[PDB]
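First up is the structure itself, then whatever we jot down about it.
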Amino acid sequence: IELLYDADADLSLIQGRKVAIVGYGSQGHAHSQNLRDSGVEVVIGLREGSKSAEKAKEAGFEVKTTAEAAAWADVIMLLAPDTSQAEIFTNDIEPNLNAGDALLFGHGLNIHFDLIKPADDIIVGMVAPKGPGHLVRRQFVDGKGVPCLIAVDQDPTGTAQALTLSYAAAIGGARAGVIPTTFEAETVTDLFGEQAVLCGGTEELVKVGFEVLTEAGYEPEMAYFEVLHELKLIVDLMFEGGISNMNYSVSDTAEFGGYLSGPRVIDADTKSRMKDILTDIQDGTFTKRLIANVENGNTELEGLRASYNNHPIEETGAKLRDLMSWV
Amino acid sequence: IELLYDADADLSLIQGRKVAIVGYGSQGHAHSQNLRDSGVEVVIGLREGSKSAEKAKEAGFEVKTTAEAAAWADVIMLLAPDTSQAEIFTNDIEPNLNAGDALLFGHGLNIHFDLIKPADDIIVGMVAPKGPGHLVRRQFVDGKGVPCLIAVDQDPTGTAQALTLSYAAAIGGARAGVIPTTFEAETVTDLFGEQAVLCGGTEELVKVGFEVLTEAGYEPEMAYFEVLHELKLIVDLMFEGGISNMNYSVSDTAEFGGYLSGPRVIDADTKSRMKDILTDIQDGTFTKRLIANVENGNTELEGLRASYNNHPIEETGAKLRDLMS
Ligand SMILES: [Mg+2]
Ligand SMILES: [Mg+2]
Ligand SMILES: [Mg+2]
Ligand SMILES: [Mg+2]
Ligand SMILES: [Mg+2]
Ligand SMILES: [Mg+2]
Ligand SMILES: [Mg+2]
Ligand SMILES: [Mg+2]
Ligand SMILES: [Mg+2]
């Protein structure tokens with residue numbers, strides 16, 4: 003698919019725009035500094051009566067409220083928690099928007115699932131780098147960058163493509179490569195990856211592997227080593243050179259064993275269950291549950307977290323890790 | 003479950019031994035160099051006209067035939083590949099093992115499944131570092147170490163635990179913590195780990211996640227990022243704190259997602275299939291298939307590798323990594 007670099011982007015565009023970053027978390031923090039270094043006048047939008055308000059002042063940024071910053075700005079980047087964002091839009095952002103203002107996102111959930119429905123004459127786009135804030139910043143500071151996806155949901159003027167590229171270009175994403183995509187595509191691929199593989203599938207794989215060994219009479223500490231601790235080597239190797247590279251660098255016994263037993267654990271029915279996970283994301287089932295959980299005071303998530311992290315691999319992992327930081 | 007440290011180990015024990023390292027690959031080169039800086043007389047034992055003989059000589063080691071090295075030595079650490087070990091023991095090691103000599107391994111496979119049966123009066127132990135050769139080497143140089151397992155299958159002398167711990171100290175493991183175990187427990191946990199979770203489970207999970215997105219019409223590169231490239235940050239998080247470090251550090255949507263959907267991916271049927279994989283290891287069936295692979299020319303393994311490697315995830319990732327950090 004497509005790749006855009008500095009030569010393709012027009013930095014003079016976002017340079018000529020007042021930008022408001024609503025949020026000063028990991029992303030907010032990196033964007034703000036990189037934009038500033040790229041020549042962009044930036045203001046942080048916050049509750050102005052906040053921890054962050056003073057951290058942002060101390061990093062050199064003018065700080066206003068969410069409502070005042072939205073009013074002040076031409077481009078509004080909304081980097082608040084996915085679930086706070088509807089309330090923040092309705093109350094503090096929507097009421098201060100001019101026609102021609104751009105409203106930009108790090109993630110497409112609120113737009114794709116219609117939790118935020120801006121007026122037609124507003125630009126809606128997305129800049130989502132592929133790394134956490136600190137890396138986006140560090141890569142930028144030493145003349146490199148982190149690759150970004152970009153997307154446009156509302157393009158009333160016909161300048162949204164160039165405005166989201168210009169932004170990604172200012173945060174260093176055009177150094178590595180900017181990938182145009184869609185709000186739909188970004189959103190469902192991300193939620194899927196998290197549910198099926200990254201968060202859900204991985205965490206349960208290791209928990210259950212730990213349980214099978216423990217229930218068979220092996221000591222928990224042995225189990226923590228062969229099921230979680232050694233996973234970082236494997237995953238570092240896959241990150242560097244893919245599956246082929248991991249398989250090259252382990253013993254042939256591990257490699258042969260991986261090939262026989264992996265598709266016994268992840269079998270055809272597993273693949274169908276993943277397909278159902280995907281349908282559930284695409285049709286809004288998941289997002290229905292997501293909002294239900296917030297609108298019920300975050301009880302389900304807090305209950306899930308409380309018991310799901312109450313696992314003997316977490317009791318055993320903490321003892322051993324505490325013993326290894328102790329050198 | 004005791005962790006053992008430098009204060010527990012008598013380093014003079016392995017310092018007073020002649021150590022043969024049979025095999026000079028990953029662990030071989032590192033064990034070898036670490037022992038030497040811990041004051042141990044080391045020799046490398048390689049097959050007739052081996053490629054690794056040049057590497058070992060250039061690194062300062064007396065290199066011998068396996069059989070000459072086995073004869074010279076008191077302690078013989080066997081780090082050739084698992085499927086090569088039985089034959090090497092019968093041809094070149096077994097004939098020079100004398101009362102009070104010790105045979106060491108870095109994995110319990112051959113001893114536990116009775117591929118190698120030493121005589122009564124030989125010490126049989128293991129020192130398995132929890133990390134890759136190069137990491138075992140560099141950690142030791144920078145004053146640190148990689149944790150080690152140790153075990154003892156045979157102990158005619160009463161010195162076998164002290165001897166293994168001495169060796170572990172000499173390669174840096176006691177700096178980081180040495181866990182006592184058994185041959186059975188290290189063998190089976192390692193194998194089940196590699197099969198169910200580390201190599202097998204993780205690679206099929208990412209591979210199958212990728213397919214699910216490509217068949218539903220999402221471009222292969224989006225799928226790659228969201229299924230594999232992002233896996234490192236997650237696993238790095240679990241490496242540092244635990245699962246709860248990971249859940250604390252991801253968005254509340256990511257955390258909520260994982261809780262609701264992870265158990266749909268890894269259900270109670272998965273748990274049973276894992277118990278099955280365990281049972282095939284414990285009863286020796288995995289071992290026979292490993293031996294069969296290599297008696298028929300290693301083609302099964304070569305074919306399974308090729309099948310994995312020509313998977314679009316491999317084409318796609320290679321493309322996307324070329325735009326590097
Ligand atoms: Mg305005
Ligand atoms: Mg809409
Ligand atoms: Mg993600
Ligand atoms: Mg190999
Ligand atoms: Mg001898
Ligand atoms: Mg292992
Ligand atoms: Mg192994
Ligand atoms: Mg959180
Ligand atoms: Mg996400």
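These protein sequence lines map, in sequence, to chains A and B.
With the first sequence counted from 1, adding 2 to any position gets you full-length UniProt numbering.
With the second sequence counted from 1, adding 2 to any position gets you full-length UniProt numbering.
A virtual CB, placed ideally from N, CA and C, is assigned to each residue, including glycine.
Going by C-alpha to C-alpha distance, which of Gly145(B), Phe194(B), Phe91(B), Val138(B) sits closest to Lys119(B)?
Your numbering for residue 119(B) matches position 117 in the second sequence. The shortest Cα separation from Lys119(B) among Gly145(B), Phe194(B), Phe91(B), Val138(B) belongs to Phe91(B).
Give me the Cα-Cα distance between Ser327(B) and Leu105(B), rounded to the nearest whole angstrom.
Taking the second sequence and counting its residues from 1, one reaches residue 327(B) at position 325. Taking the second sequence and counting its residues from 1, one reaches residue 105(B) at position 103. Between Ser327(B) and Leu105(B), the C-alpha separation is close to 44 angstroms.
Is there a Cβ of chain A sitting closer than 9 angstroms to that of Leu111(B), yes or no?
Taking the second sequence and counting its residues from 1, the one referred to as residue 111(B) is at position 109. So, interface residue.
Along the chain, where does the alpha helix (DSSP H) that runs through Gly147(A) open and close?
Translated into the one-based positions of the first sequence, residue 147(A) becomes position 145. Element bounds for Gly147(A): n/a, residue is neither H nor E.
When you compare the CB positions of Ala170(A) and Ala11(A), do they come within less than 9 angstroms of one another, or not?
Position 168 of the first sequence holds residue 170(A). Position 9 of the first sequence holds residue 11(A). Contact flag set, yes.
So with CB distances below 8 angstroms, who are the chain A contacts of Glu316(B)?
Along the second sequence, read from residue 1 onward, the residue named residue 316(B) stands at position 314. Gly244, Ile245, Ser246, listed in chain order.
Taking only the alpha-carbon atoms, compute the straight-line gap between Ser14(A) and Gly27(A) and give it to the nearest angstrom.
If you number the first sequence from 1, residue 14(A) lands on position 12. If you number the first sequence from 1, residue 27(A) lands on position 25. Computed Cα separation, rounded: 27 angstroms.
If you follow the beta strand (DSSP E) that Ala22(A) is part of, which residue opens it and which one closes it?
Working through the first sequence from its first residue, we reach residue 22(A) at position 20. From DSSP, the beta strand (DSSP E) with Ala22(A) extends over 21-24.
Cα-Cα, which of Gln29(B), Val65(B), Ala82(B) is closest to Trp74(B)?
Reading the second sequence from its first residue, position 72 is the one you call residue 74(B). Checking every option, the nearest Cα to that of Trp74(B) belongs to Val65(B).
Beta strand (DSSP E) containing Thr67(A): first to last residue?
Numbered from 1 along the first sequence, position 65 holds the residue referred to as residue 67(A). That run of the beta strand (DSSP E) goes 65-67.
Name, in chain order, the residues that DSSP records as bridge partners for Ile46(B).
Taking the second sequence and counting its residues from 1, the one referred to as residue 46(B) is at position 44. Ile46(B) is bridged to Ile23(B), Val65(B).
From the DSSP output, read off the bridge partner residues of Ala153(A).
Here residue 153(A) refers to the residue found at position 151 when the first sequence is read from its first residue. Its beta-bridge partners are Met128(A).
Is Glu186(A) near ligand 9, going by C-beta to nearest heavy atom under 8 angstroms?
Counting from 1 along the first sequence, the entry for residue 186(A) is found at position 184. The answer is no for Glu186(A).
Which residues, in chain order, does the stretch 224-236 of chain A contribute to contact with chain B at a C-beta distance below 8 angstroms?
Listed by position along the chain: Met224, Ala225, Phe227, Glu228, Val229, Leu230, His231, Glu232, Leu233, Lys234, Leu235, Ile236.
Output the distance between the C-alpha atoms of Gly299(B) and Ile279(A), rounded to the nearest integer angstrom.
Taking the second sequence and counting its residues from 1, one reaches residue 299(B) at position 297. Taking the first sequence and counting its residues from 1, one reaches residue 279(A) at position 277. Roughly 42 angstroms between the two C-alpha positions.
Which partner residues of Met79(A) appear in the DSSP bridge assignment?
Within the first sequence, residue 79(A) is the residue found at index 77, counting from 1. For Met79(A), which the question treats as bridged, DSSP gives the partners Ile23(A), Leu106(A).
Under a three-way DSSP split, which group does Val329(A) fall into?
Reading the first sequence from its first residue, position 327 is the one you call residue 329(A). Coil, per DSSP.
So what's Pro97(A) in DSSP terms, helix, strand or just coil?
One-based indexing of the first sequence puts residue 97(A) at position 95. DSSP places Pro97(A) in helix when its eight states are reduced to three.
Name the chain B residues whose beta carbon is nearer than 7 angstroms to that of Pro83(A)?
Locating residue 83(A) in the first sequence gives position 81, where the first residue counts as 1. Under the 7 angstroms cutoff, chain B gives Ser253, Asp254.
For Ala256(B), verify whether its CB is less than 8 angstroms away from any heavy atom of ligand 3.
Start at 1 with the first residue of the second sequence, and residue 256(B) comes out as number 254. Yes, the Cβ of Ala256(B) comes within 8 angstroms of a heavy atom of ligand 3.
Runs of 3 residues minimum, wholly inside the stretch 153-198 of chain B: which ones carry the beta strand (DSSP E) assignment?
You should have 180-182.
Which residues of the stretch 174-193 of chain B have a Cβ closer than 8 angstroms to any Cβ of chain A? Give them in chain order.
Under the 8 angstroms Cβ criterion, the stretch 174-193 of chain B contributes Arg177, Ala178, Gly179, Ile181, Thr183, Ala187, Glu188, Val190, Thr191, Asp192, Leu193.
From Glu43(B), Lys57(B), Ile315(B), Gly25(B), pick the residue whose C-alpha is nearest to that of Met240(A); which is it?
Position 238 of the first sequence, counting from 1, holds the residue named residue 240(A). Minimum Cα distance to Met240(A) is reached at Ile315(B).
Below 7 angstroms on C-beta distance, what does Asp238(A) contact in chain B?
Start at 1 with the first residue of the first sequence, and residue 238(A) comes out as number 236. Near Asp238(A) (Cβ distances below 7 angstroms), the residues of chain B are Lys234.
Could you tell me the boundaries of the alpha helix (DSSP H) in which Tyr310(A) lies?
Translated into positions along the first sequence, residue 310(A) becomes position 308. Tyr310(A) -> alpha helix (DSSP H) spans 301-310.
So is the beta-carbon of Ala75(B) under 8 angstroms away from any non-hydrogen atom of ligand 5?
Your numbering for residue 75(B) matches position 73 in the second sequence. Because some heavy atom of ligand 5 lies under 8 angstroms away, the Cβ of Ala75(B) counts as near it: yes.
With a threshold of 9 angstroms between beta carbons, is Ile152(B) in contact with chain A?
For the purposes of this step, residue 152(B) is taken as residue 150 along the second sequence, with counting starting at 1. It does not; no Cβ of chain A falls within 9 angstroms.
Is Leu165(A) near ligand 1, in the sense that its beta carbon is under 8 angstroms from a heavy atom of that ligand?
Indexing the first sequence from 1 puts residue 165(A) at position 163. No, since every heavy atom of ligand 1 falls outside the 8 angstroms radius drawn around the Cβ of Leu165(A).
Within the same chain, show all residues whose beta-carbon is closer than 7 angstroms to that of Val148(B), passing over the 5 residues directly before and after it, in chain order.
Working through the second sequence from its first residue, we reach residue 148(B) at position 146. Excluding residues within five positions, the ones whose Cβ falls inside 7 angstroms are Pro131, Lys132, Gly133, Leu137, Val138, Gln141, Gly174, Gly175, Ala178.
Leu117(B) by DSSP, collapsed to three states: which one?
The residue labelled residue 117(B) in the question sits at position 115 within the second sequence. If DSSP states are grouped into helix, strand and coil, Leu117(B) belongs with coil.
Does at least one heavy atom of ligand 2 sit under 8 angstroms from the Cβ of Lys119(A)?
Here residue 119(A) refers to the residue found at position 117 of the first sequence. Yes, Cβ of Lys119(A) sits closer than 8 angstroms to a heavy atom of ligand 2.
Apply the 10 Å Cβ neighbour rule to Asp94(A) and answer buried if 16 or more other Cβ atoms are within range, or exposed otherwise.
Position 92 of the first sequence, counting from 1, holds the residue named residue 94(A). When all chains shown are included, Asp94(A) counts as buried.
For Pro134(B), which residues in chain A fall below 7 angstroms Cβ to Cβ?
On the second sequence, residue 134(B) is found 132 positions in, with the first residue counted as 1. By Cβ distance, chain A contributes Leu235.
Distance, Cα to Cα, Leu81(B) vs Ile23(B)?
Mapped onto the second sequence, residue 81(B) falls at position 79. Mapped onto the second sequence, residue 23(B) falls at position 21. For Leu81(B) and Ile23(B), the distance between alpha carbons rounds to 7 angstroms.
Should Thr204(A) be flagged as near chain B, meaning a C-beta pair shorter than 9 angstroms?
Translated into positions along the first sequence, residue 204(A) becomes position 202. Yes, its Cβ sits closer than 9 angstroms to a Cβ of chain B.
In chain order, what residues of the same chain lie with their CB nearer than 8 angstroms to the CB of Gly243(B), ignoring the 5 residues before and after it?
Start at 1 with the first residue of the second sequence, and residue 243(B) comes out as number 241. If we look at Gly243(B) and ignore the five residues flanking it on each side, its Cβ neighbours are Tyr250.
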